[PDB]
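*Asks:* So that we are looking at the same thing, I have put the structure below in structure tokens.
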Amino acid sequence: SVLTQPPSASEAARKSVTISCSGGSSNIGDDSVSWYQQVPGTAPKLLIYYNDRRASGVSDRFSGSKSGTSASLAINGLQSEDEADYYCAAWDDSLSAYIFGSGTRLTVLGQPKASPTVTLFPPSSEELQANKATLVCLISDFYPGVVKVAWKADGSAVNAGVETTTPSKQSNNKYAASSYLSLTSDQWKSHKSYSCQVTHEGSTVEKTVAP
Amino acid sequence: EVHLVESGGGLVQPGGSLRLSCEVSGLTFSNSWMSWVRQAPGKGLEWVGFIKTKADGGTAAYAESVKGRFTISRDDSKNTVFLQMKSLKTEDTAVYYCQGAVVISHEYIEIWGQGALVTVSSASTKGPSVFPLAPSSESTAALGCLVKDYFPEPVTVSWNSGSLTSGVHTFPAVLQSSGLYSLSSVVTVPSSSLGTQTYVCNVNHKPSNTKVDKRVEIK
Amino acid sequence: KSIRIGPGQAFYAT
């Protein structure tokens, strides 16, 4: 008794998609289906309940149907703000639990290329004296979500002390990541400069700071 | 209009206990069917249980994996439903969401809280050190706060006690080689504002009862 | 048998 959904779905803007949801006689076959929307790092939100009823405030572009042991969610006039995980759900009588489907991630095709913006902060006097010297490289507004981060000291590459996040989707559906280089206070003064370089397909953006 | 505000999140050692609260405003709590749903980092939604209105059973129901360990209860006079968790396993690590549902004029309403992260780990709670990041001639300037070496997640960052919101970007945490988290928050402000305007980042790490405000001044 | 809805199984109708 597991509601299965395709992992992914991807359709162009202004267009429409159907997210499928298939269960069994013990859940969708006895009970109604609900549909939820979850935008990255936000609470899930009810879209549809009782198979085909829209929650208050929810756009008429959404509609749900139930058919036997299957359920469907239609999204018409696709907007970029619809990029999220969609989850069906239904009560299962045999195991007496509310089951959430595995969920479909929705991608609205057409988002433009975007080169990253890069902001680089040097260690502060406070950090240096607490021996927590950290170079902070903040990277945002890029699409698609893949970057390579490289640090340099005096033109020479550095790999020790480097930690870099995986990119994550921003509210505006562009991406952000950050990279930190940890130094001893002494290392910070031992060099004329450090630089953070970010590569994003055909474009490279580099920033440099100094003592 | 409706808010479900959860609290009690944080770090607990395996086998330990932790109580989450969910307090409802804007709905008549006494008429709301209350429930809990959890989500492990990077995974799907998994039902935890519910508790009926008094007029209905007043009784609770539980997922098989939490039965006997977790207890859901309600205090109608204080508009709060609780999830009491005992004998916690590392597997229970998840953001826990509460729901309130009411039926009115043939309208079904179901509202979700913001979630509380429960971290079941043998690790220690550690408050972060906060470091203002000051700017360097341009029309706008980026300034920040580094929130370094904390456990567990989350921290929230605001600026000027939440009255500065535009141009604020708080970045996801990195996991350090020590197992501690660091993050940064930046706000980009007009450069002409500097020096007639003071900027302060407000950093809250509720699992270590740490709140820290740091003025970010032009060094 | 009663029609209920959601993670709280709210009573909806019969």
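Protein chains in written order, with our numbering: chain A, 1 to 211; chain B, 1 to 219; chain C, 1 to 14.
All C-beta atoms in this analysis are idealised placements derived from N, C-alpha and C, irrespective of residue type, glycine included.
(1) Alpha carbon to alpha carbon, how far is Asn209(B) from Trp36(B)? Give it in angstroms, no decimals.
(2) State whether the stretch 120 to 133 of chain A contacts the stretch 104 to 111 of chain A, with contact taken as three or more CB pairs (one from each stretch) at a distance under 8 Å.
(3) So who's on the other strand from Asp92(A), going by DSSP bridges?
(4) By the three-class DSSP mapping on this structure, what secondary structure does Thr90(B) have?
(5) Take the Cβ of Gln99(B) as the centre, count every other Cβ of all protein chains shown within 10 Å, and call the residue buried at 16 or more, exposed below.
(6) Kindly list the residues whose CB is nearer than 7 Å to the CB of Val66(B), restricted to its own chain and excluding five residues on each side of it in sequence; keep chain order.
(7) In the DSSP assignment, the beta strand (DSSP E) including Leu109(A) goes from what residue to what residue?
(8) From the beta carbon of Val198(A), is the nearest beta carbon of chain B less than 9 Å away?
(9) Taking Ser22(A) as the reference, which of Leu47(A), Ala13(A), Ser102(A), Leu138(A) has the closest Cα?
(10) As a quick exercise: from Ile72(B), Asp149(B), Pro41(B), pick the residue whose alpha carbon is nearest that of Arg19(B).
(11) Can you tell me whether DSSP reads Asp154(A) as helix, strand or coil?
(12) Using a Cβ cut-off of 8 Å, pull out every chain C residue sitting near residue 229(B), in sequence order please.
(13) Looking at the unbroken alpha helix (DSSP H) that takes in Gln187(A), where does it start and where does it end?
(14) So that I know if they touch, is there some Cβ in chain B lying closer than 9 Å to that of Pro44(A)?
(15) Find the residues of chain C that neighbour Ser32(A), judging by a C-beta separation of less than 8 Å, and give them in chain order.
(16) Got a sec, what are the start and stop residues for the alpha helix (DSSP H) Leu180(B) sits in?
(17) Output, in chain order, the set of chain C residues within a Cβ distance shorter than 7 Å of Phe50(B).
(18) Got a sec: which bits of the stretch 84 to 102 of chain A sit with their beta carbon under 8 Å from any beta carbon on chain C, in order along the chain?
(19) Helix, strand or coil: which one does DSSP assign to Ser34(A)?
(20) Could you tell me whether any Cβ in chain C is nearer than 9 Å to the Cβ of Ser25(B)?
(21) Taking 8 Å as the threshold, find out whether the stretch 90 to 108 of chain B comes into contact with the stretch 38 to 48 of chain B through three or more Cβ pairs.
(22) I need the DSSP call for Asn131(A), collapsed to helix, strand or coil.
(23) Ends of the beta strand (DSSP E) at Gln79(A)?
(24) Let me know the beta strand (DSSP E) ranges lying completely inside the stretch 62 to 141 of chain B, each 3 residues or longer, listed in chain order.
(25) Mapping DSSP to helix, strand and coil, what is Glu153(B)?
(26) Could you list the residues in the stretch 46 to 74 of chain A with a C-beta less than 9 Å from some C-beta on chain C, going in chain order?
(27) Since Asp213(B) sits in a beta bridge, which residues does DSSP pair it with?
(28) Roughly how far, in whole angstroms, is the beta-carbon of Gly8(B) from the beta-carbon of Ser25(B), given that I think they are within contact range, below 8 Å?
(29) Counting beta carbon pairs with one atom in the stretch 196 to 211 of chain B and one in the stretch 184 to 202 of chain A, are three or more of them shorter than 8 Å?
(30) Is the Cβ of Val136(A) closer than 9 Å to any Cβ of chain B?
(31) I'd like to know if the stretch 118 to 134 of chain B and the stretch 148 to 161 of chain B are in contact, where contact means that at least 3 CB-CB pairs between them fall below 8 Å.
(32) Give the interface partners of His3(B) over in chain A, defined as CB-CB distance under 7 Å, in chain order.
(33) Let me check understanding here. Comparing Cα to Cα, which of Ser17(B), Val2(B), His3(B), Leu4(B) lies closest to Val118(B)?
(34) Counting only Cβ pairs nearer than 9 Å, list the residues of chain A close to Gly44(B).
(35) Under 9 Å between C-beta atoms, does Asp149(B) make it to chain A?
(36) Within a Cβ cutoff of 7 Å, which residues of the same chain sit near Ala84(A), ignoring the five residues on either side of it in sequence?
*Replies:* In this structure, then:
(1) 25 Å
(2) no
(3) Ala97(A)
(4) helix
(5) buried
(6) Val48, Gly49
(7) 104 to 109
(8) no
(9) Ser102(A)
(10) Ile72(B)
(11) coil
(12) Residue coverage of chain B in this structure runs from 1 to 219, which leaves residue 229(B) outside it and unanswerable.
(13) 185 to 189
(14) yes
(15) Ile3, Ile5
(16) Unbroken run through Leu180(B): none, as it is neither H nor E.
(17) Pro7, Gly8, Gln9
(18) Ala89, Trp91, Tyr98
(19) strand
(20) no
(21) yes
(22) coil
(23) Careful: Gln79(A) lies outside any beta strand (DSSP E) and carries neither H nor E.
(24) 70 to 75, 80 to 85, 94 to 104, 107 to 112, 116 to 120, 129 to 133
(25) coil
(26) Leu46, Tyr49, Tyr50
(27) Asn202(B)
(28) Rounded, the Cβ-Cβ distance is 17 Å, inconsistent with contact.
(29) no
(30) yes
(31) yes
(32) None at all; the shortest Cβ gap to chain A is about 12 Å.
(33) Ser17(B)
(34) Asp85, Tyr87, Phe100, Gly101, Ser102, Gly103
(35) yes
(36) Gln37, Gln38, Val39, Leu106
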